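Just so you know, ligand 1 is whichever comes first in the structure, and atom 1 is the first atom listed for that ligand. Hydrogens, waters and symmetry mates play no part in the numbers below; they use all other heavy atoms, side chains included. Each chain gets a letter, A, B and so on, in the order its sequence line appears, and its residues count up from 1.
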Amino acid sequence: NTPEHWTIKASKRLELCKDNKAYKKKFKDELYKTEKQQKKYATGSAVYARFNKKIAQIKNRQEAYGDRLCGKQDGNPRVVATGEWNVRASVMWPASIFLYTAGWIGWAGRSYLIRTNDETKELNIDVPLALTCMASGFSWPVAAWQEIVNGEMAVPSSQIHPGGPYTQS
Amino acid sequence: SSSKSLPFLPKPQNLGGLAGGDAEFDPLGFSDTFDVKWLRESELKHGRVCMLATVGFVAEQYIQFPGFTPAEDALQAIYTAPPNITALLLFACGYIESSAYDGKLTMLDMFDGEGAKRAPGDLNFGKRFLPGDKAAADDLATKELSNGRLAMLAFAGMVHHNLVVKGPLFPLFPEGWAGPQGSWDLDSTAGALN
Amino acid sequence: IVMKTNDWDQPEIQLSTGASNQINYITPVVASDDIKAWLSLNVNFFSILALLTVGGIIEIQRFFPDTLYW
Amino acid sequence: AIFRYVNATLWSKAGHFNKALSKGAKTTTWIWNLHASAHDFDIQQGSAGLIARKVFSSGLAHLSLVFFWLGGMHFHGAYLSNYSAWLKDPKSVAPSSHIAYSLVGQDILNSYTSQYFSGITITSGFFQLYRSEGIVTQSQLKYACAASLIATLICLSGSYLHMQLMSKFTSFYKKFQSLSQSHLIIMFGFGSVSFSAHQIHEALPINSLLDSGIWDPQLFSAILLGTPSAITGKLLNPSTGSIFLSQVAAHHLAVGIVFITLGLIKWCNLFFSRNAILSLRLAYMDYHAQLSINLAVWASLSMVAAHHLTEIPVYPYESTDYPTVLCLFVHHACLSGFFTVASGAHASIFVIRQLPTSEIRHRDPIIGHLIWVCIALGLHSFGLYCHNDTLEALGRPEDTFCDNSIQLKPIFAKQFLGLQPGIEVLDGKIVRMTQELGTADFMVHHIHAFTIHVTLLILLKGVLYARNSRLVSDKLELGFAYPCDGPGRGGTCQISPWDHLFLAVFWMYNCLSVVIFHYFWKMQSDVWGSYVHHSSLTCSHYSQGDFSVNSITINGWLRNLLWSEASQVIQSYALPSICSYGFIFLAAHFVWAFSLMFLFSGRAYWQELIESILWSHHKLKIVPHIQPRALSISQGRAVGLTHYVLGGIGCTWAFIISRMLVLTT
Amino acid sequence: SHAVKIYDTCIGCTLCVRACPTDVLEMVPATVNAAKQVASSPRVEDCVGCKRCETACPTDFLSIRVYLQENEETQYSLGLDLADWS
Ligand SMILES: CC(=O)O[C@H]1CC(C)(C)C(=C=C/C(C)=C/C=C/C(C)=C/C=C/C=C(C)/C=C/C=C(C)/C=C/[C@@]23O[C@]2(C)C[C@@H](O)CC3(C)C)[C@](C)(O)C1
Ligand SMILES: CC1=C(/C=C/C(C)=C/C=C/C(C)=C\C=C\C=C(C)\C=C\C=C(C)\C=C\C2=C(C)CCCC2(C)C)C(C)(C)CCC1
Ligand SMILES: CC1=C(C/C=C(\C)CCC[C@H](C)CCC[C@H](C)CCCC(C)C)C(=O)c2ccccc2C1=O
C-alpha cells in the first residue's frame, strides 16, 4: 500500500536469517552432525583437523548468511530477483557479470568465424588469431552496439535460406 | 644467428627496430606469434603502471590523504580506501584508456588502418621533453623500458613480500621472523601425500 | 638390398647382405611444427581451454568457498 | 625396422586412416565418422600386413593401459589406503583405498572406516587379493606398483616397436598351431605351475602366520601343515572362512600339470578327431572369427567367475565382506553379458566379410525353432508370475504357484558337493550356507533361461541373416552397419547385423538386470545375515527370508526388492557415506530417461530443427563452415543404447552398493 | 504400387537406373539436357519403394521422386516371397 513496501526487504513472508529460528535450528543441526562425525576419529588425526576446518567453514557460512533474507517457515537464504542492486544476495551482480562474460565468448567466436571463413580453419584452429579474437572480445558491448547500429551485425533475410518452400513455384 | 641474451637459441627476427631490444630476448617466440607493436604497447603500459604502483605502494604505508583510513599492509589499502574515490580512479583510468586510443582498444582494432603509423607506446604525452637527437631519444626510451621492467619485478616482489610477512613492506623481517615456510599452507597433492 | 613394399607407412625396407655396423634409429622423427599443428587441432585447443576453465572454477571454489561475499 | 617413417605430421591430419574422410570436415558427420571408424583397421588405408600390425600393436597398447591401471590400484593401496588397519582387524574396518577432496563440501563423501582413516569404501576385493598373495607391507605394495609401471612401459615400447618391426612379410600371427601350443603350455601350464610355486613359497607361510595371529617381521621375511584330510571345499578355514590356500596352491599345480599334459598330447598328435573340426579350422582363420570366439569364451569364463567367486570362497574374509562379493558377482556378470553380445557382433562381421559355415543354409528352421522356444519360455515363465499376481490380487492364494500352494519343485536341481549339515559362520556372519531351491527358484531360473534364449535369438538372427534374407537379397552389398534399405517393401528398418546387436544389447541388459536382482534378493534373504545362539543358531537374514514368499509375484519384486530396499539409497543424502550413491542414483535415472530421446526420435526432426536454428546464426553472420548436421541414424541408435544401459546400470549399481554398505555398517 | 516420377531437372547420369534393385527405370533419349537422355520409370509396378534411386540422384533436389502408397500395396511392391497373390 506504500512505495516503501516495493522493496523485498519489507515483506511478511521473509525475515533476516540472524533472527530466524528455523535458520538457527538448521545450522545448529548441521554443526551437531559435523561434530558427531568428527568425534568418531582420534583427536590428533588429520581427519580430525579436516573436520575442525569444516566446522570453521560452517560457522563462517552462518555468520555470512545471517544478513541475508530467508523464509520464516524453512529459514533458508533467498535470492532477490526483483532488480534491487543494493540488497544482499542480489541476482543483478552475478547476472551482469555473466552477461558480460557470455557476450565476450560469443563475440570472440563470431569474430573468429568472420575472420577465418573456412572449414579448414574451423577444424585446425589458427591459435594466434583465436587468441587475438579472445583478447579483443573485451569491448564486445560497444563493438556489438556499433555493428548493430551501422548494419554490420545482421544481414537481410533475403540473403539467407528462408526454409522449405510452402507453395507452388 | 644466436640471440645475444641466450647464445644457445636462435635470434628472434620480428622484434627488431624497437628500443630496449639490445639483448634480443624472446625465447618463446611471442613476437613471432603476435604483433610486436601490441606487445610493446602492453610492455610500456605495464612498466608505467608498475612504477607508479611501486611509488604508491611505498608512499601509502606512511602518508595518506586527509581522512582515508590507513592500511600499513598496502595490499589492504584497496579495501580500506573510500569506495567512491577508488571508483573515481577507475573512471579516470577508463577515460584515459578510451581517449588515448580513440576507441581502437582491442588486439585487432588498435594498430589497424589509421593508428598503425603510431609508435607502439607513444600516447603523445609529455613529448615536449623528448631530446631532438635520435641517440638521446633512443637512450631515453631504453631508460624508460629498463625502469619499467625493474618496476614490474619490484612490484611483484613488494606484493609477495607483503603476502609472506602478512604485514607492512618496510620492515623486511618483522620481529621474530623465522622464515616463509608456513605461508603456503593450503593442502597440495605431494604435501598431503607426505 | 632395398625393396619397395607399396606400404604408405613403410614405403621401403632394407635387408642386409651380411653383418653390418650401422646406425638404425628407433626413435621417431617429431618436429615442433608438427606438434604445434597437432595442438592447433580444434580438439586440443578446446580441451585445453576447457581444462583451464574447469581448473579456474575449482580453484575459485577452493579459495572463496560458500560465496560468503555475496 | 625402418623407424624414419614414424612422424608427427599425420597427427594433425585427423582422418588420414580412412579414405572416405579425405574431404575433411564439410560437416559434423565427418567428425562422428572419424570417431566411429578410428579403430576399424580393416577398412582403413593400407594392406593386410598393416592390419595385422595395427591389431597386434593396439593389443599391446591396451595391455600397457591395463598394467597402468593395476599399478595405480597398487599405489592407492600402498599410500592412500587403510590396508594396515584392515589386515590387523578385517572385520571392524571396511576396505578403503579411495579418498575424496574437500572442495565444495565434498569431504562429506569420506566415511568412517578406521580411527585414523576416512574415505570411500572400496568393493573390488583388492585387500583380500593382497592378503591371499601375502602382501602385508607398504614396501611390498610399492614394489608391486613399480613392477606394474615397468610392465606398462615395456608394453608401450613393445607396441611402438612392433608398429615397424612387423613388415608385409610378417606371418607369425597366422601360426595358429604355434600360437595355441605356446599359450597352452607356457602361458597357462607353466604360468599355473609358477603361481603354485609362488603361493607355496610366499603366501602359505604368511597366510598361516596371519591366521595364527603372528605379525613378526622375521617370520614374514612345511606345506599342508594345517589342512586335514577333509575334501577341499568341504572344510573352510575356521579363522578365515575360505578354502585353504595350500589347497589352492595344489589346485594350481595340478591345473598347470594338466595343461602341460594336454599340450604335450597335442604335440604328439594323440588327439585324433581333427576332421570333425577341420571345417571350422579352415573357415574361422579370421580376425573377427577369432575375436568372436574369444569374446564368447571370456564371457562364459566371466560368468563362471561371477558364480564361483561367491559360491566357492577362496579369498580371505571376502565371504564376510558382503559388498565385495556382491560387487564382484555383479561386475563379472555384466562383463559376461557384454562380451557375449560382442561375440555375436563379431560373428556377424565375420559372416559379412568372409564365407559363412554351412549351418547358415538351413537357417530358417534354426531361427524358427528358437523363436518358438523363446515364445513358449516367455509365456510359461512370466505368465506364472502374472498368474500369481492376478490370483493373489483376487484373493486366492491357494490357486497361485508357491510352496504353500501349487508348487513347481526343481527336481533336477540336485546337490553335488555332499556337504555336512549346517552352515559355516565367522564372527557374527554367515560365510557359507546352502541355498534351498523351491518354486521361486524354479520360476526365476526359467525367467533366466527365457531371457538368455531371447538374447541368443536376436544375436543368431543377426548372424545368420547377415548376408541376405527374403526381404532384402543384397544385404551383403549393403554391408555390416547400415541403418536400413529404405521405406520400401513395407519398411526395412534395422535389418542390419549392427541393429541386431543394438537390440541384443537391450535384451542382454534386461537379462543381466534380472540376474542381478535375483542374486541380490536371494543372497540377502536366504544366505547372508547374522546368527543368534551341538549348538543351533537362528539366522537373522538382512531381507528376513522374504524371497521365498514375496518373489513369487511381480508386485513382490516391486515392493520387497525395489521399493523396500531402495530406502538406503533414497534416504542417503544426509549420510556422509552414501550421499554420493544417492546422487548417482538420481543422475543415472536422469541419464536413462535422457536416452529415450535418441531411442524414440528420428534424424529428420533434428536436422530440420538444426536448420531453423542455423537460420539465426546466418542472420547474425555466425556461419559455421563445418555445417551442423543431425546425428546419423546408426549413431542416434548407438547414443541411445549407450545412455540407456549406462543409466540403468548406474541405478542398479548405486542401489545395491548403498544397501550393502548401510547394512554392513 | 508406388509412384516413381521424373522431372526435367534430370541430367541423365544413369545412377538411378544403376541403383534400381528391381529394374524399374531405364534411360531414354531426350533433348532437354546436355547428356541427351533422361531416366524413365516404365516398370513402376515393380518399384518396392527403397528410394535408392533417390539416394543416388545428384541434382540439388531430386529429379526422381518415389511417392509411397501404402493403401495400394501389391505383392511386387511388398517383395512378398513366402506368400503369392498371383
Ligand atoms: C607535460 C607532461 O606530460 O608531463 C611530463 C612530466 C615528466 C616528469 C617530464 C614526465 C615524466 C616521467 C615520469 C613521471 C617518470 C616517473 C618515473 C618513476 C615514478 C619511476 C619509478 C621507478 C621505480 C622503480 C625502478 C622501483 C624499484 C623498486 C625496487 C627495485 C624495490 C625493491 C624492494 O621492494 C622489494 C621488491 C622488496 C622490499 O622488501 C625491498 C626493496 C629493496 C624495497 C613525462 C612522462 O614526460 C610527462
Ligand atoms: C530487469 C530485471 C528483470 C527483467 C528483465 C527483462 C524483462 C528483460 C528483457 C529482455 C529483452 C526483452 C531483451 C530483448 C532482446 C532482443 C534482441 C533482438 C536481442 C538480440 C541480440 C543479439 C543480436 C545479440 C548478438 C550478439 C551479441 C551482442 C554478443 C554475443 C554474440 C551475439 C552475436 C549473439 C527480471 C525480473 C527478469 C530480473 C531482475 C531484473
Ligand atoms: C537429440 C537428437 C539429435 C540431436 C542431437 C545432437 C545434434 C547432439 C549434439 C552434439 C553435441 C554438440 C556434442 C557435445 C556434447 C554435449 C553438449 C555435452 C553436454 C555435457 C553436459 C554435462 C553439460 C539427433 O541428431 C538424433 C539423430 C537420430 C536419432 C536421434 C537423435 C536425437 O535424439
Side-chain angles (χ1 to χ4, degrees), chain A residues 8 79-85 90-92 95-96 99-111 113-114 137 140-148 153-154, chain B residues 44 47-59 121 123-130 140 143-144 146-162 164-165 167-173, chain C residues 46 50, chain D residues 28-29 31-32 483 587 590-591 594-610 613 616-617 619-622 628-640 643:
Chain A
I8 187 136
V79 177
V80 180
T82 58
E84 300 162 45
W85 290 79
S90 193
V91 82
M92 296 302 276
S96 66
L99 282 179
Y100 185 66
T101 302
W104 190 322
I105 302 167
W107 204 240
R110 181 179 180 274
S111 57
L113 284 182
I114 279 152
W140 80 258
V142 184
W145 182 247
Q146 262 173 344
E147 270 183 342
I148 285 167
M153 168 80 84
Chain B
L44 270 304
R48 315 203 222 258
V49 304
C50 285
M51 55 210 318
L52 285 189
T54 53
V55 175
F57 206 104
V58 166
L123 310 176
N124 200 355
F125 167 77
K127 249 207 285 185
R128 134 180 190 188
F129 310 90
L130 196 52
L140 210 32
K143 279 149 168 177
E144 157 163 271
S146 319
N147 286 254
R149 292 153 178 178
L150 179 51
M152 296 192 234
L153 298 171
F155 181 81
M158 266 155 165
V159 167
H160 282 88
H161 160 280
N162 268 76
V164 300
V165 170
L169 178 83
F170 218 59
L172 181 84
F173 305 130
Chain C
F46 288 119
Chain D
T28 64
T29 308
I31 294 154
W32 294 127
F590 175 79
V591 171
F594 173 73
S595 86
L596 305 188
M597 196 175 180
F598 303 79
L599 287 185
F600 299 167
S601 41
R603 228 207 72 100
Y605 169 91
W606 300 109
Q607 190 55 75
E608 300 172 310
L609 184 77
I610 285 170
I613 286 153
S616 43
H617 295 65
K619 179 96 181 113
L620 296 174
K621 296 184 171 188
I622 312 132
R629 289 283 190 269
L631 309 176
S632 67
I633 305 155
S634 287
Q635 164 155 34
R637 285 168 190 152
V639 170
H643 286 59

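Closest to atom 40 (C) of ligand 1, if we only count protein heavy atoms, is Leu172(B) CD1, 4.3 Å. Among all protein heavy atoms, the one lying closest to atom 6 (C) of ligand 3 is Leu631(D) CG, 4.0 Å. Taking atom 37 (C) of ligand 1 as the reference point, the nearest protein heavy-atom neighbour is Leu169(B) CD1, 4.4 Å. Here the heavy atom of the protein found nearest to atom 31 (C) of ligand 1 is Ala154(B) CB, 3.6 Å. Closest protein heavy atom to atom 23 (C) of ligand 1: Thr54(B) OG1, 3.8 Å. Looking at atom 19 (C) of ligand 1, its nearest protein heavy atom turns out to be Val55(B) CG2, 3.8 Å. Of the protein's heavy atoms, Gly636(D) CA, 3.8 Å lies nearest to atom 29 (C) of ligand 3. Nearest to atom 2 (C) of ligand 1 among the protein's heavy atoms is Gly126(B) CA, 3.6 Å.
Contacts between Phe598(D) and ligand 3, counted as non-hydrogen atom pairs separated by less than 4.0 Å, involve both the backbone and the side chain. Of all the heavy atoms of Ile148(A), none lies under 4.0 Å from any atom of ligand 2, so neither backbone nor side chain is involved. By the criterion of a heavy-atom distance under 4.0 Å, the side chain of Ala144(A), and not its backbone, is placed next to ligand 2.
When the options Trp606(D), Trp32(D), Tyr605(D) are ranked by their closest heavy atom to atom 31 (C) of ligand 3, first place goes to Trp606(D). Proximity annotation for atom 26 (C) of ligand 2: of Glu147(A), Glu84(A), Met153(A), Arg110(A), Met153(A) comes nearest, heavy atoms only. When the options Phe129(B), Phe125(B), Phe170(B) are ranked by their closest heavy atom to atom 45 (C) of ligand 1, first place goes to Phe125(B).
A pairwise comparison of heavy atoms in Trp140(A) and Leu99(A) identifies CZ2-O, 3.5 Å as the closest pair. Among all heavy-atom pairs drawn from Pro141(A) and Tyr100(A), the shortest one is CG-CE1, 3.7 Å.
Heavy-atom distances between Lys621(D) and ligand 2 stay at or above 4.0 Å for every pair. Put simply, no part of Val91(A) is less than 4.0 Å from ligand 2, judged by heavy atoms.
For atom 9 (C) of ligand 2, the nearest protein heavy atom is 4.0 Å or more away. Note that atom 1 (C) of ligand 2 has no protein non-hydrogen atoms nearby, at separations under 4.0 angstrom. There is no protein heavy atom closer than 4.0 angstrom to atom 20 (C) of ligand 2.
The ligand atoms of ligand 1 that sit less than 4.0 angstrom from a heavy atom of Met158(B) are 34 (O), 36 (C). Shown in contact with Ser601(D) at under 4.0 Å from a heavy atom are these atoms of ligand 3, numbered in order with element: 30 (C), 32 (C), 33 (O).
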ask   = Does the pair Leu169(B) and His161(B) meet the rule for a side chain to side chain contact (heavy atoms under 4.5 Å, CB included), with working shown?
value = CA-CA 7 Å; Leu169(B) 178 83; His161(B) 160 280; 3.6 Å; yes

key: Full working for side chain to side chain contact (heavy atoms under 4.5 Å, CB included) between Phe155(B) and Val49(B)   = CA-CA 10 Å; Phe155(B) 181 81; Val49(B) 304; over 6 Å; no

message = Pair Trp32(D), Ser632(D) - check side chain to side chain donor-acceptor pair (under 3.5 Å), show working.
response = CA-CA 9 Å; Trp32(D) 294 127; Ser632(D) 67; over 6 Å; no

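Among the atoms of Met51(B), none of the N or O lies under 3.5 angstrom from an N or O of ligand 1.
A 4.5 Å side-chain heavy-atom check between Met51(B) and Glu144(B) finds every atom pair outside the cut-off.
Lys621(D) and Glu147(A) are not joined by a salt bridge, as no carboxylate oxygen comes within less than 4.0 angstrom of a charged side-chain nitrogen.
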